[PDB]
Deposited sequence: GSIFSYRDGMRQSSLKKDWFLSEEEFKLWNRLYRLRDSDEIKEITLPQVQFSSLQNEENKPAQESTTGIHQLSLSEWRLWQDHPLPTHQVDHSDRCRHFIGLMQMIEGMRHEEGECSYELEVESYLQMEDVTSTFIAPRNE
C-alpha cells in the first residue's frame, strides 16, 4: 500500500503547492498549546478560539459531524452570556437561582 512517507513526486507537489515559506506573509501557523495557570511574533499566525466569540451564540453549520453535547453547552453558555452582557443592575441569574438555595447543600 506504499510508504508512510511522501514519494519524490508527492514531495515536489507539497513543496510548491502547500508548504509555507519564509517569504510568505504567514511563514507559519501555530495553535495555543495551552497551560494551567493555577497549578504552576512576526509572520507567525496563532489560531484563535476567542476572536469570533460573537459568532458563537448560535449553532454553526455542520457537514457530517453533529454538534456534541459540550458544544451545545458551550453555545448555550454563550447565549446566557449575551443576555447578561449589558446588565444593568443586580444579576438576573442571581435572582433566578438564589431562591432555591438550601443551606444544607452548602
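Taking the first deposited residue as 1, the stretches without any C-alpha atom are 1 to 15, 56 to 65, 132 to 141.
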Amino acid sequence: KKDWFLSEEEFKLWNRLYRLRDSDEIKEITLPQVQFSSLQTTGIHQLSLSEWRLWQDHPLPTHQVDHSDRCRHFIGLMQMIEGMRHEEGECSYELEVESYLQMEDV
From here on, numbers count along this sequence of modelled residues.
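Of the two stretches examined, 79 to 87 and 12 to 20, the record assigns the greater average C-alpha temperature factor to 79 to 87. With 52 to 60 and 25 to 33 compared on mean CA B-factor from the PDB entry, the stretch scoring higher is 25 to 33. For residue 46, the recorded CA temperature factor ranks within the middle third of the chain's modelled residues.
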